[PDB]
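All chains are named by letter (A, B, ...) in the order of the sequence lines, taking the proteins before the strands, and each is independently numbered beginning at 1. Side-chain atoms are counted along with the backbone in the values below, which use heavy atoms only and exclude waters and symmetry mates.
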Amino acid sequence: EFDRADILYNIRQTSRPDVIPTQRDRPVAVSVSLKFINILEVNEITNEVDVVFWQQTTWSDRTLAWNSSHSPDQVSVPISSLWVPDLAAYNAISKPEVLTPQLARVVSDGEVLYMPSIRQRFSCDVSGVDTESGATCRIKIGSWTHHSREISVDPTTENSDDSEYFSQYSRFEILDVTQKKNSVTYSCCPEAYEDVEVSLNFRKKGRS
Amino acid sequence: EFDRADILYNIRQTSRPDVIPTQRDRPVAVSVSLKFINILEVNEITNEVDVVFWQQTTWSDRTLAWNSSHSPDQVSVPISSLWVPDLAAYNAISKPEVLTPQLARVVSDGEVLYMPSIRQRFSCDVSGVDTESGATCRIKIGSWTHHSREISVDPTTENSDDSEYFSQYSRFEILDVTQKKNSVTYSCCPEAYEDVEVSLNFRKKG
Amino acid sequence: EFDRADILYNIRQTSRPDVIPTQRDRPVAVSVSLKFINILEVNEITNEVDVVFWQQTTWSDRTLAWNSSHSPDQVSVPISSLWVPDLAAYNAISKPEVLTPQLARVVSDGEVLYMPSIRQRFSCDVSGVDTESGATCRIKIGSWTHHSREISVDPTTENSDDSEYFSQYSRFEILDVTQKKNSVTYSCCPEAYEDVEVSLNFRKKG
Amino acid sequence: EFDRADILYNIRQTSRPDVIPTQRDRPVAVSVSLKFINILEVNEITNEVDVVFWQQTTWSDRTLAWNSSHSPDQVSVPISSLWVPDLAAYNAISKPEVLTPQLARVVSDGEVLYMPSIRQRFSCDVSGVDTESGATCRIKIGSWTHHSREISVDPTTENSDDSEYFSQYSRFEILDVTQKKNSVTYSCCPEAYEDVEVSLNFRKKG
Amino acid sequence: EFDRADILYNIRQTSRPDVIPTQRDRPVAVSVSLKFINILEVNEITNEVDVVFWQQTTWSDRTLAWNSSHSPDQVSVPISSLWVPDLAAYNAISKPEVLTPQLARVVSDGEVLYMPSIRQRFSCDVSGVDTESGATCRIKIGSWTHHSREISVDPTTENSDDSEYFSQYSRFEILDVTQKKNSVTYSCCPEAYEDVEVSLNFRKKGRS
Ligand SMILES: CN1CCC[C@H]1c1cccnc1
Ligand SMILES: CN1CCC[C@H]1c1cccnc1
Ligand SMILES: CN1CCC[C@H]1c1cccnc1
Ligand SMILES: CN1CCC[C@H]1c1cccnc1
Ligand SMILES: CN1CCC[C@H]1c1cccnc1
């Protein structure tokens, strides 16, 4: 039997936050999904957008696991005590501003959910934002330093609505969100790195 | 008999800041209440507001308790030595800027009061800010990661006065502040998460 | 004979920066004085000012004391090794930007002087700033979490000119600086908290 | 046989982050190459530019090496656990804003690749930016404190296309990127310091 | 013989960074000299300037010394491991933005050179900036908390041109840099504090 204090103590003492939780030479499967909350600023001249999204991030780390047969089966853990995937947005032009407490939810089987609210600026196609078909801003996210044999990134499906959490008070409306996944070889390095491309189809609402 | 040094040493040494002070499998009851001090900027086109408020936050942590029959019965404690609720404003568009010393007041029975002055910008309904009925901006606050069996959130009880500490030098005036607690289920997760919705009814002076 | 290394070692090794240096039955007497250096921005529409001042802060901590019959009688100490009063400006709308090295001067009897240069923005009365009688901006400073029995705040007892070090290159000129102690209760808590109100009477130059 | 955990433990335990991995008194050869991603703001009046670039940095540190006959031959390491060259852009007018996770890739033979995305503002020649031949902004990068007997800086670009990773959505387009190795003695100090000058020839599209 | 690792270990283990390296009740002699790199913004209405300068700072700390008959005689050391003079500019209106790695160079006899590149804004006389005589902005630098028996501050000169490292792409040109030493008594305290005043004589380049 463990209480929350015991679980959290054991995790702090033994999770190796700098060690990717790879098992038998297989990639850590990371799921990412952006839930758009607001679009704060758009510039059709510069092709830049300022956006707030929840970055729902999910993966398994079995070194975190504990027998919860007589115990709580989930806890909140500061991310500084956990390994977290080194995800970056490749077309970000500002550093990610995390708006929320930096805590992940860890299940007793080792499943982790880290879902920060992030404000970040992007360079992307803003053309058509003012028309009915709208603009399509693509956001590319992947591990910065782990190639495909170490981290895979997936846009795991749901029925997950588009503007389920998007602000009704925004000047913009979301028409569609699609996720595409890619495998790229960069000039720097010989291995392929996976990314998810998130296409945000949106437009400016008219005053009426 | 303890002096302040002993109380604070004991809190610092046995601090478990990462551990939610859950007792008898009941949620930690957190009270929140926003005391509006200033509205610094409002944009009716973008529906954004920049606000300064004291986020009065209250809860009980029995692991902090000490016998105070012959001791001080209250101390100020760095929040880095305490568990603090992971509250977030859901419609915030900037990160909370804490303007005050990050100290909580702890009572010998384990009651904590943490009341930072916060500057933060929010996405909300700014329409009507210039009519007499004013605008109503809604701010939603709740635990980011603890569901309803772990953290409940409630309005601070004490009969809430609206303009109490609000700046007389602001360009805006407060007409009314109301609160409503909700219980919401999001698609990410199967459990319900509690929030308080704070409705700030305000208008431009003139 | 202690040398500076010994003094600073002893302070650092025994320092309890979390512990208010309450002397028996008494509030720690803190003296505060703002020496205005520059007024960088003024907005008469929003009633906001951006200011730079030296926050002269003085108090006694006898736990720091040492026998200096045959030793240096003063040293500079990082404030992270010292208890420091949790002062806040109640009408501040930005968090204090400290422009100087964060060192206090500690005398062998336990007297401490901490005098940071601070840039901060405030909400206050900017009306009349461009007139002959000028504007009067009031800045309210007090302990954020320590009530009247734990901290008292007074203006430094000197006659002194708080506009003495003000920049000659400023667009503004200071006409007068006055201070008044107040003591107030807040809805949150049953005790009185002390503050100093610093009234800065200033105007634009021609 | 070591697993990733062992490799990272061993590196962390013997991380000598402040020690330049000099061998027998001969300079650490550092390769630098800037991969331009975006040009965000250009001001022809002030001669200032705001740029985003991947700063591909490469060097060898044999103290990091491990036998990978039966082990992973590469790991990602927090740069806080590694010595990293003290490179600075001499004409930068803002501190480097690092946009990416601060991890370097370390090969079992001791080769290190650190490649942060950086946003930084520079002072340089913006004249002609809205002509056809374009502007040429020169960025000078070298070790801040290590002279030529301790750090050598070389452009290894490996010959990969200029506009390769540059945003197609930028307002600007890259015409050409060239590099020059320099060796400058400064008035302060008697030894020479190496730098690479990266010349970005770019324009506004039509 | 010590190697670099030994030197740095020994310094890390025994530097007392909060201890002023006073020897026998003498002041620590600190030399300061500003090498101007750029003038970014000037406002003649508000009397404010935004400047970039190398703040060349030099002093001796005998506790850092080591025998280098058969060892490297200089190392780079993080300033977090060293005592550094608590210098401040008295007319600065922003905090000193350090643009460079925060390393000092330490010689085996205990001489230290710390030379950060700093961007900072000042309140000073901007009048005359677009005439041929130019403006003269005075920058006052001294120890914040150490009086003259603990720290003296002294300007030092080289025969180099003041523009050696001034940007040729600035909108301003430097006409002259001079420096004065002062000893001032403030109201707070009974002791004299030393400062160096650095007078930057500059003007706007021809607009064409
Ligand atoms: C795959 N990353 C994305 C761009 C560069 C590359 C990389 C590789 C190794 C270390 N850092 C970055
Ligand atoms: C209640 N939170 C707000 C948005 C998602 C949710 C959540 C749940 C678990 C871990 N992180 C975030
Ligand atoms: C006197 N303080 C300033 C305003 C609220 C009050 C207070 C009391 C206890 C803890 N935090 C804040
Ligand atoms: C190469 N650096 C750039 C300018 C001065 C020089 C330097 C030398 C020693 C310590 N810091 C800086
Ligand atoms: C020399 N400094 C400049 C103004 C105040 C003074 C000072 C003295 C002691 C501690 N802090 C500041």
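Between atom CE of residue A/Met115 and atom CH2 of residue B/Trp144 there is a gap of 7.5 Å, rounded to the nearest 0.5 Å. The OG1 atom of B/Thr46 sits 14.5 Å away from the OH atom of A/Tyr169 when rounded to the nearest 0.5 Å. Here the CD-SG distance, from A/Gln56 to B/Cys189, works out to 7.0 Å after rounding to the nearest 0.5 Å.
Residue A/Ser167 touches chain B through its side chain alone, counting heavy-atom pairs closer than 4.5 Å. Heavy atoms closer than 4.5 Å to chain B are found nowhere in A/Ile7, neither backbone nor side chain. For a residue to count as touching a neighbouring chain, one of its non-hydrogen atoms must lie under 4.5 Å from one of that chain's; by this rule A/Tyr165 touches chain B with the side chain only. Residue contact with chain B, scored on non-hydrogen atoms closer than 4.5 Å, is absent for A/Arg207.
Residue-level contacts of residues 119-141 of chain A with chain B, in order of numbering, are A/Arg119; threshold 4.5 Å between heavy atoms. Residues of residues 32-43 of chain A lying under 4.5 angstrom from chain B, judged on non-hydrogen atoms, are A/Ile37, A/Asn38, A/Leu40 in numerical order. Of residues 146-153 of chain B, those residues lying under 4.5 Å from chain A by any heavy-atom pair are B/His146, B/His147, B/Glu150. Of residues 73-109 of chain A, those residues with a non-hydrogen atom less than 4.5 Å from any non-hydrogen atom of chain B are, in numerical order, A/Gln74, A/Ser76, A/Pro78, A/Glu97, A/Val98, A/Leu99, A/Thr100, A/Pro101, A/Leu103, A/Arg105.
Of the possible donor and acceptor atoms, none in the side chain of A/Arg4 sits under 3.5 Å from a partner among the backbone N and O of B/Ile20.
With a 4.5 Å cut-off on side-chain heavy atoms, A/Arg171 and B/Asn47 do not count as touching. Counting only heavy atoms from C-beta outward, the side chains of A/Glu164 and B/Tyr186 never approach each other to under 4.5 Å.
In this structure, A/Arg12 places its CZ atom where only 12 or fewer heavy-atom neighbours from other residues, nucleotides or ligands lie under 6.0 Å away. For CZ of B/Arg203, the number of neighbouring non-hydrogen atoms (other residues, nucleotides, ligands) closer than 6.0 Å is greater than 12. No more than 12 heavy-atom neighbours from other residues, nucleotides or ligands sit within 6.0 angstrom of NZ on A/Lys180.
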